[PDB]
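start20.cif, holding mmCIF, C-alpha atoms; chains and numbers go by the auth columns:
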data_data
#
loop_
_atom_site.group_PDB
_atom_site.id
_atom_site.type_symbol
_atom_site.label_atom_id
_atom_site.label_comp_id
_atom_site.label_asym_id
_atom_site.label_seq_id
_atom_site.Cartn_x
_atom_site.Cartn_y
_atom_site.Cartn_z
_atom_site.B_iso_or_equiv
_atom_site.auth_seq_id
_atom_site.auth_asym_id
ATOM 1 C CA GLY A 1 85.761 116.547 123.915 0.00 383 A
ATOM 2 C CA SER A 2 83.079 119.100 122.808 0.00 384 A
ATOM 3 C CA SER A 3 79.655 118.486 121.123 0.00 385 A
ATOM 4 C CA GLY A 4 79.196 116.074 118.153 0.00 386 A
ATOM 5 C CA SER A 5 78.481 117.069 114.491 0.00 387 A
ATOM 6 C CA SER A 6 78.208 120.964 114.386 0.00 388 A
ATOM 7 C CA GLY A 7 79.961 121.020 110.928 0.00 389 A
ATOM 8 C CA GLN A 8 81.135 118.935 107.897 0.00 390 A
ATOM 9 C CA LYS A 9 84.521 118.214 106.171 0.00 391 A
ATOM 10 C CA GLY A 10 85.170 119.261 102.520 0.00 392 A
ATOM 11 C CA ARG A 11 84.946 116.199 100.155 0.00 393 A
ATOM 12 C CA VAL A 12 84.978 115.432 96.368 0.00 394 A
ATOM 13 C CA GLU A 13 83.909 112.323 94.348 0.00 395 A
ATOM 14 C CA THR A 14 86.726 112.756 91.739 0.00 396 A
ATOM 15 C CA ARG A 15 89.746 110.326 91.880 0.00 397 A
ATOM 16 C CA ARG A 16 90.367 107.162 93.988 0.00 398 A
ATOM 17 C CA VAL A 17 94.083 107.494 94.978 0.00 399 A
ATOM 18 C CA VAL A 18 95.395 107.389 98.571 0.00 400 A
ATOM 19 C CA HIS A 19 98.717 109.271 98.953 0.00 401 A
ATOM 20 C CA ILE A 20 101.044 107.938 101.736 0.00 402 A
ATOM 21 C CA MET A 21 104.213 109.759 102.963 0.00 403 A
ATOM 22 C CA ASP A 22 107.017 109.769 105.609 0.00 404 A
ATOM 23 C CA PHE A 23 107.401 105.933 105.853 0.00 405 A
ATOM 24 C CA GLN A 24 110.293 103.784 107.171 0.00 406 A
ATOM 25 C CA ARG A 25 111.632 101.119 104.696 0.00 407 A
ATOM 26 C CA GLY A 26 112.007 97.293 104.873 0.00 408 A
ATOM 27 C CA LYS A 27 111.376 94.013 102.919 0.00 409 A
ATOM 28 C CA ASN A 28 107.551 94.124 103.527 0.00 410 A
ATOM 29 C CA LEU A 29 107.125 97.915 102.753 0.00 411 A
ATOM 30 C CA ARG A 30 104.692 97.273 99.816 0.00 412 A
ATOM 31 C CA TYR A 31 102.528 95.198 102.211 0.00 413 A
ATOM 32 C CA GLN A 32 102.761 97.711 105.117 0.00 414 A
ATOM 33 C CA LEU A 33 101.513 100.558 102.838 0.00 415 A
ATOM 34 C CA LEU A 34 98.735 98.344 101.306 0.00 416 A
ATOM 35 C CA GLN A 35 97.493 97.462 104.867 0.00 417 A
ATOM 36 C CA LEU A 36 96.553 101.181 105.409 0.00 418 A
ATOM 37 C CA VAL A 37 93.789 100.761 102.706 0.00 419 A
ATOM 38 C CA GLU A 38 93.227 96.930 102.297 0.00 420 A
ATOM 39 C CA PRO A 39 90.599 96.853 105.171 0.00 421 A
ATOM 40 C CA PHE A 40 88.924 99.977 103.615 0.00 422 A
ATOM 41 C CA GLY A 41 88.004 98.476 100.208 0.00 423 A
ATOM 42 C CA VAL A 42 89.193 96.885 96.937 0.00 424 A
ATOM 43 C CA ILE A 43 92.800 97.601 95.821 0.00 425 A
ATOM 44 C CA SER A 44 92.814 98.477 92.078 0.00 426 A
ATOM 45 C CA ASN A 45 96.571 99.375 91.806 0.00 427 A
ATOM 46 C CA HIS A 46 99.655 100.486 93.863 0.00 428 A
ATOM 47 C CA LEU A 47 102.880 102.515 93.210 0.00 429 A
ATOM 48 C CA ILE A 48 105.835 102.964 95.674 0.00 430 A
ATOM 49 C CA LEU A 49 108.467 105.696 94.914 0.00 431 A
ATOM 50 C CA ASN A 50 112.224 104.845 95.115 0.00 432 A
ATOM 51 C CA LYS A 51 113.830 108.374 95.243 0.00 433 A
ATOM 52 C CA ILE A 52 111.510 109.805 97.985 0.00 434 A
ATOM 53 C CA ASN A 53 109.238 108.353 100.735 0.00 435 A
ATOM 54 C CA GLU A 54 105.991 108.690 98.693 0.00 436 A
ATOM 55 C CA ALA A 55 103.399 106.039 97.679 0.00 437 A
ATOM 56 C CA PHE A 56 100.122 106.038 95.691 0.00 438 A
ATOM 57 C CA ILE A 57 97.364 103.377 96.063 0.00 439 A
ATOM 58 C CA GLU A 58 94.320 103.433 93.754 0.00 440 A
ATOM 59 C CA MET A 59 91.061 101.959 95.118 0.00 441 A
ATOM 60 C CA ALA A 60 88.308 100.533 92.852 0.00 442 A
ATOM 61 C CA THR A 61 85.965 103.301 94.256 0.00 443 A
ATOM 62 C CA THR A 62 86.215 106.927 95.487 0.00 444 A
ATOM 63 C CA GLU A 63 84.265 105.900 98.656 0.00 445 A
ATOM 64 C CA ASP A 64 86.887 103.164 99.383 0.00 446 A
ATOM 65 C CA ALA A 65 89.750 105.719 99.109 0.00 447 A
ATOM 66 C CA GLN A 66 87.775 108.361 101.106 0.00 448 A
ATOM 67 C CA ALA A 67 87.018 105.855 103.941 0.00 449 A
ATOM 68 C CA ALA A 68 90.756 105.053 104.435 0.00 450 A
ATOM 69 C CA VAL A 69 91.792 108.763 104.619 0.00 451 A
ATOM 70 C CA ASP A 70 88.740 109.716 106.789 0.00 452 A
ATOM 71 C CA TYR A 71 90.000 107.169 109.366 0.00 453 A
ATOM 72 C CA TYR A 72 93.784 107.891 108.953 0.00 454 A
ATOM 73 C CA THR A 73 93.521 111.734 109.084 0.00 455 A
ATOM 74 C CA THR A 74 92.362 111.391 112.760 0.00 456 A
ATOM 75 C CA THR A 75 93.917 107.974 113.684 0.00 457 A
ATOM 76 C CA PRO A 76 97.790 107.735 113.645 0.00 458 A
ATOM 77 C CA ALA A 77 98.905 105.731 110.567 0.00 459 A
ATOM 78 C CA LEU A 78 102.001 103.491 111.165 0.00 460 A
ATOM 79 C CA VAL A 79 104.606 101.630 108.993 0.00 461 A
ATOM 80 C CA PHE A 80 107.226 99.372 110.689 0.00 462 A
ATOM 81 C CA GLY A 81 105.967 100.680 114.099 0.00 463 A
ATOM 82 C CA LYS A 82 106.783 104.362 113.115 0.00 464 A
ATOM 83 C CA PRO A 83 104.286 107.169 112.192 0.00 465 A
ATOM 84 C CA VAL A 84 103.279 108.109 108.582 0.00 466 A
ATOM 85 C CA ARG A 85 100.977 110.568 106.677 0.00 467 A
ATOM 86 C CA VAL A 86 97.809 109.517 104.725 0.00 468 A
ATOM 87 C CA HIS A 87 95.803 111.791 102.332 0.00 469 A
ATOM 88 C CA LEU A 88 93.947 111.773 98.937 0.00 470 A
ATOM 89 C CA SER A 89 95.909 112.737 95.771 0.00 471 A
ATOM 90 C CA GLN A 90 94.443 115.584 93.660 0.00 472 A
ATOM 91 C CA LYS A 91 97.069 114.715 90.924 0.00 473 A
ATOM 92 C CA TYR A 92 97.052 110.897 90.453 0.00 474 A
ATOM 93 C CA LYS A 93 94.593 108.979 88.165 0.00 475 A
ATOM 94 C CA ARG A 94 94.608 105.354 86.766 0.00 476 A
ATOM 95 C CA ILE A 95 97.938 103.838 88.000 0.00 477 A
ATOM 96 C CA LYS A 96 100.063 101.633 85.618 0.00 478 A
ATOM 97 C CA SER A 97 103.395 99.738 86.045 0.00 479 A
ATOM 98 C CA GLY A 98 106.517 100.279 83.859 0.00 480 A
ATOM 99 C CA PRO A 99 107.841 97.573 81.419 0.00 481 A
ATOM 100 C CA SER A 100 109.912 94.629 82.827 0.00 482 A
ATOM 101 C CA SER A 101 111.473 95.854 86.178 0.00 483 A
ATOM 102 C CA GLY A 102 109.776 99.322 85.723 0.00 484 A
#

Kindly present the structure from the file in structure tokens form.
Amino acid sequence: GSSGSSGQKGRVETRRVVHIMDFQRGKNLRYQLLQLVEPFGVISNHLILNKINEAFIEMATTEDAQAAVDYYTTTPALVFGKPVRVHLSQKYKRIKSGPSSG
């Protein structure tokens, strides 16, 4: 509906981290969250929170992270057949795993 273009979204070239929220859990959860950004570019790193339904996935480029969120802000993102939220993090930087089990 309505005319094309007629405006532009606010964007920044700082950071490369896709924030994902509101997900259902299961044995393939790491994979399900990666598949929201795997077709969009090169995965650099990932982090899945235990205490709350939050996850952070760092792309090798800002354009790779921006392309995933530009699609998933309008298109419904899903995990385990249930809806989720997909945005860029203004907090997160270079992701790194904890020692042993982490």

Might you spell out which residues the PyMOL selection byres ((chain A and resi 419-425) around 6) would select in the displayed file, as a PyMOL selection string?
chain A and resi 416-418+426-427+441-442+446+450

Could you please take those selected residues and save C-alpha atoms as a CSV table (one decimal), in the coordinates of the input?
chain,number,residue,atom,x,y,z
A,416,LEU,CA,98.7,98.3,101.3
A,417,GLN,CA,97.5,97.5,104.9
A,418,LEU,CA,96.6,101.2,105.4
A,426,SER,CA,92.8,98.5,92.1
A,427,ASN,CA,96.6,99.4,91.8
A,441,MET,CA,91.1,102.0,95.1
A,442,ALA,CA,88.3,100.5,92.9
A,446,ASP,CA,86.9,103.2,99.4
A,450,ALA,CA,90.8,105.1,104.4

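Proximity ranking of A:477, A:447, A:466, A:459 relative to residue 393 in chain A places A:447 first, based on all atoms listed in the file.
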
Report the centre and edge lengths, in Å to one decimal, of an axis-aligned box enclosing every atom of range 410-420 of chain A listed in the file, padded by 3 Å on each side, as AutoDock Vina command-line options.
--center_x 100.4 --center_y 97.7 --center_z 102.6 --size_x 20.3 --size_y 13.1 --size_z 11.6

Using the chain letters and numbers from the file, which residues does the PyMOL selection byres ((chain A and resi 461) around 9) grab, as a ChimeraX atom specification?
/A:405-407,411,414-415,418,459-460,462-466

Point-to-point distance in Å for CA of residue 473 in chain A and CA of residue 445 in chain A:
17.4 Å

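Comparing A:469, A:448, A:483, A:431 by their smallest distance to residue 396 in chain A, the closest is A:448 (using all atoms listed in the file).
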
Quick one: distance from CA of residue 429 in chain A to CA of residue 452 in chain A in Å, one decimal?
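According to the coordinates, CA of residue 429 in chain A and CA of residue 452 in chain A are separated by 20.9 Å.
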
Residue IDs satisfying the PyMOL selection byres ((chain A and resi 468) around 7), as a PyMOL selection string:
chain A and resi 400-403+451+454-455+466-467+469

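Between CA of residue 457 in chain A and CA of residue 444 in chain A there is a distance of 19.8 Å.
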
Select, from A:443, A:385, A:435, A:390, the residue with the minimum atom-to-atom distance to residue 476 in chain A, counting only C-alpha atoms.
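Residue with the minimum atom-to-atom distance to residue 476 in chain A: A:443.
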
Of the candidates A:409, A:458, A:399, A:474, which shows the shortest atom-to-atom distance to residue 439 in chain A, using all atoms listed in the file?
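Nearest candidate to residue 439 in chain A out of A:409, A:458, A:399, A:474: A:399.
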
Can you write chain A from the block above with C-alpha atoms, as a PDB file, in the first residue's frame?
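Result saved to selection33.pdb:
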ATOM      1  CA  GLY A 383       0.000   0.000   0.000  1.00  0.00           C
ATOM      2  CA  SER A 384       0.942   3.685  -0.686  1.00  0.00           C
ATOM      3  CA  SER A 385       3.742   5.125  -2.931  1.00  0.00           C
ATOM      4  CA  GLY A 386       7.347   3.764  -2.897  1.00  0.00           C
ATOM      5  CA  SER A 387      10.449   5.550  -1.449  1.00  0.00           C
ATOM      6  CA  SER A 388       9.265   9.029  -0.125  1.00  0.00           C
ATOM      7  CA  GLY A 389      11.722   8.758   2.862  1.00  0.00           C
ATOM      8  CA  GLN A 390      14.742   6.879   4.366  1.00  0.00           C
ATOM      9  CA  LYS A 391      15.423   4.861   7.595  1.00  0.00           C
ATOM     10  CA  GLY A 392      18.059   6.014  10.159  1.00  0.00           C
ATOM     11  CA  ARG A 393      21.284   3.886   9.861  1.00  0.00           C
ATOM     12  CA  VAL A 394      24.873   3.818  11.289  1.00  0.00           C
ATOM     13  CA  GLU A 395      28.084   2.014  10.137  1.00  0.00           C
ATOM     14  CA  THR A 396      29.321   1.403  13.746  1.00  0.00           C
ATOM     15  CA  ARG A 397      29.076  -2.190  15.186  1.00  0.00           C
ATOM     16  CA  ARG A 398      28.131  -5.535  13.526  1.00  0.00           C
ATOM     17  CA  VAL A 399      25.948  -7.250  16.208  1.00  0.00           C
ATOM     18  CA  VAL A 400      22.402  -8.561  15.616  1.00  0.00           C
ATOM     19  CA  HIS A 401      20.338  -8.659  18.849  1.00  0.00           C
ATOM     20  CA  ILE A 402      17.609 -11.393  18.967  1.00  0.00           C
ATOM     21  CA  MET A 403      14.871 -11.602  21.674  1.00  0.00           C
ATOM     22  CA  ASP A 404      11.638 -13.403  22.755  1.00  0.00           C
ATOM     23  CA  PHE A 405      12.644 -16.909  21.480  1.00  0.00           C
ATOM     24  CA  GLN A 406      11.308 -20.386  22.397  1.00  0.00           C
ATOM     25  CA  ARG A 407      13.987 -22.931  23.563  1.00  0.00           C
ATOM     26  CA  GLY A 408      15.052 -26.413  22.315  1.00  0.00           C
ATOM     27  CA  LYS A 409      18.123 -28.591  21.421  1.00  0.00           C
ATOM     28  CA  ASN A 410      18.780 -26.698  18.104  1.00  0.00           C
ATOM     29  CA  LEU A 411      18.270 -23.126  19.565  1.00  0.00           C
ATOM     30  CA  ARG A 412      21.860 -22.003  18.671  1.00  0.00           C
ATOM     31  CA  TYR A 413      21.178 -23.085  15.053  1.00  0.00           C
ATOM     32  CA  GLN A 414      17.666 -21.516  14.905  1.00  0.00           C
ATOM     33  CA  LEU A 415      19.074 -18.104  16.014  1.00  0.00           C
ATOM     34  CA  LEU A 416      22.091 -18.375  13.608  1.00  0.00           C
ATOM     35  CA  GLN A 417      19.667 -19.080  10.670  1.00  0.00           C
ATOM     36  CA  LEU A 418      18.190 -15.524  11.099  1.00  0.00           C
ATOM     37  CA  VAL A 419      21.605 -14.084   9.918  1.00  0.00           C
ATOM     38  CA  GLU A 420      23.487 -17.012   8.176  1.00  0.00           C
ATOM     39  CA  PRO A 421      21.832 -16.234   4.736  1.00  0.00           C
ATOM     40  CA  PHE A 422      22.645 -12.489   5.284  1.00  0.00           C
ATOM     41  CA  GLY A 423      26.463 -12.773   5.491  1.00  0.00           C
ATOM     42  CA  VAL A 424      29.515 -14.201   7.305  1.00  0.00           C
ATOM     43  CA  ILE A 425      29.086 -15.198  10.992  1.00  0.00           C
ATOM     44  CA  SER A 426      32.067 -13.861  13.018  1.00  0.00           C
ATOM     45  CA  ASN A 427      30.782 -14.911  16.517  1.00  0.00           C
ATOM     46  CA  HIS A 428      27.592 -15.817  18.510  1.00  0.00           C
ATOM     47  CA  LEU A 429      26.417 -15.578  22.186  1.00  0.00           C
ATOM     48  CA  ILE A 430      23.142 -17.050  23.639  1.00  0.00           C
ATOM     49  CA  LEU A 431      22.007 -15.898  27.153  1.00  0.00           C
ATOM     50  CA  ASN A 432      20.919 -18.518  29.768  1.00  0.00           C
ATOM     51  CA  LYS A 433      19.054 -16.319  32.363  1.00  0.00           C
ATOM     52  CA  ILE A 434      16.886 -14.385  29.812  1.00  0.00           C
ATOM     53  CA  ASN A 435      15.707 -14.937  26.188  1.00  0.00           C
ATOM     54  CA  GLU A 436      18.430 -12.716  24.612  1.00  0.00           C
ATOM     55  CA  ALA A 437      21.085 -13.536  21.957  1.00  0.00           C
ATOM     56  CA  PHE A 438      23.888 -11.597  20.202  1.00  0.00           C
ATOM     57  CA  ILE A 439      25.381 -12.564  16.787  1.00  0.00           C
ATOM     58  CA  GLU A 440      28.372 -10.641  15.387  1.00  0.00           C
ATOM     59  CA  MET A 441      28.736 -10.503  11.579  1.00  0.00           C
ATOM     60  CA  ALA A 442      32.115  -9.997   9.825  1.00  0.00           C
ATOM     61  CA  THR A 443      30.664  -6.696   8.369  1.00  0.00           C
ATOM     62  CA  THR A 444      28.230  -3.919   9.413  1.00  0.00           C
ATOM     63  CA  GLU A 445      26.430  -4.334   6.023  1.00  0.00           C
ATOM     64  CA  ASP A 446      25.906  -8.085   6.762  1.00  0.00           C
ATOM     65  CA  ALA A 447      24.331  -7.277  10.177  1.00  0.00           C
ATOM     66  CA  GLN A 448      22.284  -4.360   8.704  1.00  0.00           C
ATOM     67  CA  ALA A 449      20.911  -6.577   5.858  1.00  0.00           C
ATOM     68  CA  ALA A 450      19.555  -9.191   8.346  1.00  0.00           C
ATOM     69  CA  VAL A 451      17.760  -6.565  10.526  1.00  0.00           C
ATOM     70  CA  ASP A 452      16.499  -4.585   7.456  1.00  0.00           C
ATOM     71  CA  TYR A 453      14.720  -7.794   6.338  1.00  0.00           C
ATOM     72  CA  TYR A 454      13.613  -8.986   9.854  1.00  0.00           C
ATOM     73  CA  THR A 455      12.236  -5.594  11.061  1.00  0.00           C
ATOM     74  CA  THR A 456       9.495  -5.897   8.346  1.00  0.00           C
ATOM     75  CA  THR A 457       9.379  -9.733   7.872  1.00  0.00           C
ATOM     76  CA  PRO A 458       8.252 -11.849  10.924  1.00  0.00           C
ATOM     77  CA  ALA A 459      11.302 -13.624  12.433  1.00  0.00           C
ATOM     78  CA  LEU A 460      10.564 -17.165  13.802  1.00  0.00           C
ATOM     79  CA  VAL A 461      12.290 -19.699  16.163  1.00  0.00           C
ATOM     80  CA  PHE A 462      10.746 -23.195  16.649  1.00  0.00           C
ATOM     81  CA  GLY A 463       7.693 -21.996  14.606  1.00  0.00           C
ATOM     82  CA  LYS A 464       7.006 -19.099  17.121  1.00  0.00           C
ATOM     83  CA  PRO A 465       7.638 -15.319  16.600  1.00  0.00           C
ATOM     84  CA  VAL A 466      10.808 -13.443  17.767  1.00  0.00           C
ATOM     85  CA  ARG A 467      12.362  -9.899  17.709  1.00  0.00           C
ATOM     86  CA  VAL A 468      15.467  -8.918  15.623  1.00  0.00           C
ATOM     87  CA  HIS A 469      17.420  -5.601  15.952  1.00  0.00           C
ATOM     88  CA  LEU A 470      21.010  -4.157  15.968  1.00  0.00           C
ATOM     89  CA  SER A 471      22.826  -3.803  19.342  1.00  0.00           C
ATOM     90  CA  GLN A 472      24.157  -0.309  20.200  1.00  0.00           C
ATOM     91  CA  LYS A 473      26.023  -1.916  23.212  1.00  0.00           C
ATOM     92  CA  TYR A 474      27.781  -5.094  21.941  1.00  0.00           C
ATOM     93  CA  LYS A 475      31.257  -5.150  20.245  1.00  0.00           C
ATOM     94  CA  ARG A 476      33.752  -8.031  19.491  1.00  0.00           C
ATOM     95  CA  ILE A 477      32.127 -11.171  21.042  1.00  0.00           C
ATOM     96  CA  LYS A 478      34.311 -13.728  22.977  1.00  0.00           C
ATOM     97  CA  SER A 479      33.528 -17.065  24.746  1.00  0.00           C
ATOM     98  CA  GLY A 480      34.256 -17.801  28.454  1.00  0.00           C
ATOM     99  CA  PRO A 481      36.924 -20.380  29.575  1.00  0.00           C
ATOM    100  CA  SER A 482      36.052 -24.143  29.484  1.00  0.00           C
ATOM    101  CA  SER A 483      32.173 -24.404  29.712  1.00  0.00           C
ATOM    102  CA  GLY A 484      31.903 -20.528  29.880  1.00  0.00           C
TER     103      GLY A 484
END
